[PDB]
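Next up: just one chain, as structure tokens, the form deposited in one PDB entry.
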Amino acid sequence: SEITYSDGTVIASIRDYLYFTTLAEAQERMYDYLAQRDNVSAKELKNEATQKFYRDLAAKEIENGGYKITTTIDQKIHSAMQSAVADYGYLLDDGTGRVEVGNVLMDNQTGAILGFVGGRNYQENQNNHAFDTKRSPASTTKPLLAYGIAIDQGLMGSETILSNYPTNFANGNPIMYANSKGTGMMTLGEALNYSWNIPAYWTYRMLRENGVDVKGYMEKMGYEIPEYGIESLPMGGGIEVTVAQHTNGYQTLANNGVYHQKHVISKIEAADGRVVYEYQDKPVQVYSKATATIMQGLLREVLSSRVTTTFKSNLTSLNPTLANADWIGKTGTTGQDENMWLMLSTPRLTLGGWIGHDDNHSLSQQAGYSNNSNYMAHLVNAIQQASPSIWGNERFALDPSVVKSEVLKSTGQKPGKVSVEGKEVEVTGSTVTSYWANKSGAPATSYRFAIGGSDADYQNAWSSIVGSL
């Protein structure tokens, strides 16, 4: 029995992450095969005695048999990923103790996993941080569950305005971001580049208000969220994900909105060639192409702006020609710096990244902004050196079907009269193209122009807007 890379080169016959991860998935596939083959009903398969016998059966069936398990893993790439974490993993240590890590590199067109990083060192710690451990995705939830959906429902567009004025959770506590209680109105791009929380809160509220099927979106991408009624959901509250699953969500946006399920096994077959298992592809249009490519545009600037990650500086210095590939991405940060994420894509690959501590104590303030950003730049450069064409040179581009409205920079809506405490006002001033994913684009400017805001908020907002005309 052997496990091979994707070219058939043997990984091992039946002591690191690659081996145990591929062996485990293979055993799962063997278990279904065997239940079926023996005509075990999904009823009798609910007995835990029979389950356990079939799992041991599937294990021995691999040890003893002459099976050929074909993984998606790319051997040059996955080795380079291992060398990189061995050489540069110390760069994650931020003086809060040893920092753990997981990464998963995914082909955007197939869902196939090319290489991953399970942790700093299997021999010192076995936990698989790429495939098993589950942590809040934090703000990398935003592009998926809040803004992406709002755009796909045609409820906002790329230059739409949101409230980031102070507001509280229903319990009375203020919604914090770092240690800021909020500012004022802002565009979607500034909310994204900075990653503020209040714009996201208000976005999910608007989704709820319009009864949007938010679950439907998330389940099409294989996310399991037990409870959607949670004020902080769009910031990562009440969600817990593997790096492998989460990469798959960023693969959806990368791939112009088309989900392909993740996999590390493509095929199992007996020595005589019987196909015991075969990955069956199953594409799903989760976001409209308009949505996904507008979103790519915004995420490009998350990395260019360098607000919450230094990544592009780090990569520019290691590999300027690679830094000019069309990178997009989003960071995340939990409320006490327990977890940092960085999600990266080009049109070809998505690289997912998490760091944190196995027991969930805090990292330093900058573990995400700087350390993980620097580590990942090294990791990305290692992958490129090992396979020079793999990230590709293609550009993300707006899909023909995107609609483009002309809007006021200050309302993110079309100019036109509006009512302010008595008189109608000629709503005027500098303008910008906004990208929408509906039929009509952006609407007439109306008073409640932003996503969110209280009466005083708008009183203050409209005061400022007026004195500029």
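All residue numbers are counted from 1 along the displayed sequence. The term rigid core refers to the most C-alpha atoms you can superpose between the two forms while keeping them within 1.5 Å.
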- Message: Neighbours in the displayed sequence, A461 and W462 may still hide a gap; how many deposited residues lack coordinates there, none, 1 to 3, 4 to 9, or 10 or more?
- Response: none
- Mean Cα B-factor check, 354 to 362 vs 172 to 180, entry values; winner is 172 to 180
- Task: With reference to the PDB entry, specify whether the mean Cα temperature factor is higher for 108 to 116 or for 150 to 158.
- Result: 150 to 158
- Note on the structure: Temperature factor at the Cα of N103, chain-ranked in thirds, falls in the lowest
- Compared with the other modelled residues in the chain, in which third is the CA B-factor of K289? highest
- Considering only modelled residues of the same chain, in which third does the CA B-factor of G273 rank: lowest, middle or highest? highest
- Tell me, lowest, middle or highest third: where does the Cα B factor of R395 rank within its chain? middle
- On the chain's distribution of Cα B-factors, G335 falls within the third called middle
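The form deposited in another entry is left out here; the points below concern that form.
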- Quick one: with the rigid core lined up, which of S430, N47, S419, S440 moves its CA 2 Å or more between the shown form and the other one? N47
- Task: Could you check whether the CA atom of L34 moves 2 Å or more between the shown form and the other one, using the rigid core for the fit?
- Result: yes
